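K.L.:
If you use UniProt numbering, the sequence shown corresponds to residues 1 to 291, 294 to 629, 632 to 742, in order. Yeah, the Cβ is synthetic: ideal placement off N, Cα and C, and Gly gets one too.
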Amino acid sequence: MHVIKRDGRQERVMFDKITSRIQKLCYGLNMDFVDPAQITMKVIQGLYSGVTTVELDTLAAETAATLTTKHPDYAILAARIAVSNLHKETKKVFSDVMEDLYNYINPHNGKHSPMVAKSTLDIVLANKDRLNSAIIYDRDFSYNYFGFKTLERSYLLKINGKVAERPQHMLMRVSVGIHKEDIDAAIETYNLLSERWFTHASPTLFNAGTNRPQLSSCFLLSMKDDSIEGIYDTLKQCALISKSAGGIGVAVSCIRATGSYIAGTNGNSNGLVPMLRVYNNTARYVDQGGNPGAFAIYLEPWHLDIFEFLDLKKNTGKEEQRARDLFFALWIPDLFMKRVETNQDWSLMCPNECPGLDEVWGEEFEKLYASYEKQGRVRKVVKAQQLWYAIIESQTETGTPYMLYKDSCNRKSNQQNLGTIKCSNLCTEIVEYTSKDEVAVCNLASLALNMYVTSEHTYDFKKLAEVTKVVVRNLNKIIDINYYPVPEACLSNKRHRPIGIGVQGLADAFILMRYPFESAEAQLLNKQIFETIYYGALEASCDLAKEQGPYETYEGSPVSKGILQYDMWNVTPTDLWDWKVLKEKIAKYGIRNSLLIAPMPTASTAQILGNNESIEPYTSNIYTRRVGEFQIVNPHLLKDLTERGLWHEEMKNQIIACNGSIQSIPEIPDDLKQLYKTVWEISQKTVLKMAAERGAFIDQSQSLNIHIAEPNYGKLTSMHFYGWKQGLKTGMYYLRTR
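Below you can see the structure in the form of structure tokens.
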């Protein structure tokens, strides 16, 4: 049997040498239980000659990690093997790789197909020395296995199926991609990224410093008008956006209900369902080729086609009445929620008979809607609770529709001055204005909240503010570098310049501080963290306004009137920051950006940094990551248990037997039990309340998943109405059950 070495040379597979390599990575490990030869034994078993050393290493790392259930130091050793491989794979000089990427010629086409932009290469080559030596390759070793594998599959640019970029190369590419000739700023961003203080969103990581760069890849659209021309103009837009791998939120309420008269053709409308089938199949077709585009459809509950809308995602159905590749969201007026709880009637309307209901919010809506009712301009009236039951039935079956409160969204938007906001995005965190001329764009990044806790269990608020300021500046440069799939998107971003800074590792930051998720300490830290993020962001935005002038539509906005987000929630901030001093700077110069903060799902990027997603509690203390499948214990809990000498094979078994819960294990002290409660054991009302409290400092919204183990109508009702009454903009993203 032979391995193929990196140099392409053939080497005899030898027990002693494989064992030997594993041995050298065992410094500080418990050798009474960790046995290098144990790994070598299982590796050599299923091993065929023609295997490469990179494959061998991968196998050995994956094997070491199944032996975690023999001793936890095996999991460390597995990472040590993976990182050892990562170091060997990380050409050594940055500018060299950039040339290789640019000079790439497709083999079966013969065509010069640069993988980086010429103008990026040019900047890199002009600044070779400074750029190449700024890179710290030891930072490649800071990841865990599962983060590395995510990077390796999608994020490191490959030459002919072989990875050419080290993680550090990718990061410097992004940095130069954002800052171009400002090498000072590029190096500051590279340092911040490589030391893991924050991350740019996947779109930016993918395409920064490439040709026609798609740096923002979430969008929002309103249906143009209620016509075949309008419907198909918007469809083209969505197709074009989806080709650029853009996710989309689409508002659809202006479209005539089923049975509505068409004066042109003397016929009757088919309503939303058949139209949404065209959008569904457009999502399946324009999926970048070979693999489906993702569109979230927004509907207001006064619309007559609401009940059929609520069914489009049901897996049991009728095919022609289904659109299971779309995602569904409600854009809900307060009036609906008030009629539900008072048990009144709800009127279903056709927007053609009752125009402008989507162009109007709050008291103006309730007034317009009430006069349509009084004029008898109503197609069908149901008890409001009947529609409510359909909503909760849909969520029990599918986890959707998402719940957005239209009046909350509009009453507390700094984009208020533009007109009524008709919808949110794919992920329900963005609240940005759309119109015929304007498709809104989400320009996104996240702060790694675990990084700001010190060795002394204190939170570094100053550092967080300072990193946030860089993030604002970076995202603001992205607005101008971005290649837009449609011109309405470009118009929108250049006019109002919104951005969306979010977070990851909230749960990790609580645990590192030793706070239970539900404790007074965590609830106060939660406010403080988000005050800080809002404060630094406004401050950076104000600085850019001093240097470049405010955004076009600044005059008339709430902030131009001295109104900040927490003013809109009637909240008084803590004493941590001087907001009076910030307001006085904003009164002087204005701000560069209409919106700033929007906690998104961090599915892919949180995995890379090794943080829990977003603002979310750990959903379990033991979970699996697919790469084969790998078993993972909550890394904070496992350390605690091993430090105390409590961890063993059956102890892992009993936690799996408890659905990832540790509450009923009698050997665990109660302070650990409260630290490591799962999301299924944490009060969802408390989650909702904590989101509302941080919400006062988020000028957009937040993708809030809700976890109810065994739902019924009473559970879902009381949580939705609680979220609504807290003032939440997004009451629920997904509903998770078990």
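Does the separation of the CB atoms of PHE297 and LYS315 fall below 7 Å?
P.N.:
Cβ atoms of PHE297 and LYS315: not closer than 7 Å.
K.L.:
For the alpha helix (DSSP H) that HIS724 lies in, which residues bound it at each end?
P.N.:
Counting along the chain, the alpha helix (DSSP H) containing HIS724 begins and ends at 717-730.
K.L.:
Which partner residues of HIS305 appear in the DSSP bridge assignment?
P.N.:
Bridge partners of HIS305: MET351.
K.L.:
Suppose contacts are defined by Cβ-Cβ distances below 7 Å. Is residue 764 in contact with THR234 by that definition?
P.N.:
This structure cannot settle anything about residue 764, because the visible part of the chain is limited to 1 through 742.
K.L.:
Is it buried or exposed for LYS529, if we count other Cβ within 10 angstroms and need 16 for buried?
P.N.:
Buried: at least 16 other Cβ atoms inside 10 Å.
K.L.:
Does DSSP put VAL583 in a helix, in a strand, or in coil?
P.N.:
Looking at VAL583 - three-state DSSP - the assignment turns out to be helix.
K.L.:
What does DSSP give as the partner residues of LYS162 in its beta bridges?
P.N.:
Beta-bridge pairing links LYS162 to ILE159.
K.L.:
Would you identify the three-state DSSP class for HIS200, choosing helix, strand or coil?
P.N.:
Looking at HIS200 - three-state DSSP - the assignment turns out to be strand.
K.L.:
Within its chain, find whatever has a CB closer than 7 Å to the CB of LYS88; leave out the 5 residues flanking it on each side and keep chain order.
P.N.:
Cβ neighbours of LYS88 beyond the five flanking positions: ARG6.
K.L.:
In whole angstroms, give me the CA-to-CA distance for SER269 and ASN495.
P.N.:
When rounded, the distance between both Cα atoms is 35 Å.
K.L.:
Can you pull the DSSP bridge partners for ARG627?
P.N.:
Answer is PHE634, bridged to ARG627.
K.L.:
Counting only the same chain and skipping the five closest in sequence on each side, list residues whose C-beta sits under 6 Å from that of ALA386.
P.N.:
Contacts found: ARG341, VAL342, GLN346 and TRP348.
K.L.:
Start and end of the alpha helix (DSSP H) containing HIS459?
P.N.:
Taken as a continuous stretch (DSSP letters only), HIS459 belongs to no alpha helix (DSSP H), as it is neither H nor E.
K.L.:
Run the CB neighbour count on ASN281, radius 10 Å, all protein chains shown included, and call it buried at 16 or more, exposed below.
P.N.:
Result: exposed.
K.L.:
So what's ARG740 in DSSP terms, helix, strand or just coil?
P.N.:
In this structure, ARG740 counts as strand in the three-state DSSP scheme.
K.L.:
May I ask you to verify whether the stretch 30-49 touches the stretch 64-76, counting CB pairs closer than 8 Å and requiring at least 3?
P.N.:
Taking 8 Å as the limit for Cβ pairs, the verdict is that the stretch 64-76 does touch the stretch 30-49.
K.L.:
How far does the beta strand (DSSP E) with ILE4 in it extend, from its first residue to its last?
P.N.:
2-4 is the extent of the beta strand (DSSP E) around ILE4.
K.L.:
Got a sec? Which residues, its chain only, sit under 7 Å from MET453 by beta carbon, not counting five neighbours each side?
P.N.:
For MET453, where only same-chain residues beyond five positions count, the Cβ hits under 7 Å are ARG196 and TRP197.
K.L.:
Would a C-beta distance cut-off of 7 Å place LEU312 and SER253 closer than the cut-off?
P.N.:
Not closer than 7 Å, so no.
K.L.:
By Cβ distance, which residues of its chain are closer than 6 Å to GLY727, with the 5 residues on each side in sequence left out?
P.N.:
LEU692 and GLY735, listed in sequence order.
K.L.:
Within 8 Å, do at least three Cβ pairs link the stretch 610-623 to the stretch 509-518?
P.N.:
Counting Cβ pairs under 8 Å, three or more are found: they touch.
K.L.:
In the DSSP assignment, find the unbroken beta strand (DSSP E) run with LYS414 in it and report its ends.
P.N.:
First-last for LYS414: undefined, no H or E at that position.
K.L.:
Measuring straight from C-alpha to C-alpha, what distance separates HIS200 and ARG594?
P.N.:
About 19 Å.
K.L.:
Should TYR155 be labelled buried (16 or more other beta-carbon atoms within 10 Å of its own) or exposed?
P.N.:
Its Cβ being crowded by 16 or more others within 10 Å, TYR155 is buried.
K.L.:
So, under 8 Å CB-CB, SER616 and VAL505 are touching, yes? Tell me the CB distance rounded to an integer number of Å.
P.N.:
That belief holds up - the Cβ atoms of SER616 and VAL505 are roughly 7 Å apart, short of 8 Å.
K.L.:
So, for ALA61: in the same chain, excluding its five sequence neighbours on each side, which residues have a beta-carbon less than 6 Å away from its beta-carbon?
P.N.:
Closer than 6 Å at Cβ, skipping near neighbours: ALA78, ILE81 and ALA82.
K.L.:
With a CB to CB cut of under 7 Å and the five nearest residues on each side skipped, what residues in its chain are close to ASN416?
P.N.:
Contacts found: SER559, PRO560, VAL561, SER596, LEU597 and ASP703.
K.L.:
Does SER543 pass the burial test, meaning 16 or more other C-beta atoms within 10 Å, or should it be called exposed?
P.N.:
Buried, because 16 or more other Cβ atoms sit within 10 Å of the Cβ of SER543.
K.L.:
If you draw a straight line from the C-alpha of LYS590 to the C-alpha of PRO552, how long is it?
P.N.:
Straight-line Cα distance between these residues: approximately 11 Å.
K.L.:
Output needed for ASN614: all residues of its chain with C-beta closer than 8 Å, excluding positions within five of it in sequence on either side, in chain order.
P.N.:
Cβ within range, chain order: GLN506, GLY507, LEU508, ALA509, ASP510, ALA608 and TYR620.
K.L.:
According to DSSP, is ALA447 part of a helix, a strand, or is it coil?
P.N.:
In this structure, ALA447 counts as strand in the three-state DSSP scheme.
K.L.:
Secondary structure at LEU597, three-state DSSP: helix, strand or coil?
P.N.:
Three-state DSSP puts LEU597 in coil, outside helix and strand.
K.L.:
Residue range of the alpha helix (DSSP H) that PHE329 falls in?
P.N.:
It is not in any alpha helix (DSSP H) - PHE329 instead sits in the beta strand (DSSP E) that spans 329-334.
K.L.:
What three-state label does DSSP hand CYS544 in the structure shown?
P.N.:
Three-state DSSP puts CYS544 in a helix.
K.L.:
Evaluate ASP140 with the Cβ neighbour count: other Cβ atoms within 10 Å of its Cβ, from every protein chain shown; 16 or more gives buried, anything less gives exposed.
P.N.:
So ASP140 ends up on the buried side.
K.L.:
Please report the Cβ distance between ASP336 and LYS424, rounded to the nearest whole angstrom; I am assuming they are in contact, meaning their Cβ atoms lie under 8 Å.
P.N.:
Between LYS424 and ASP336 the Cβ distance is about 16 Å, and since that is not below 8 Å, they are no contact.
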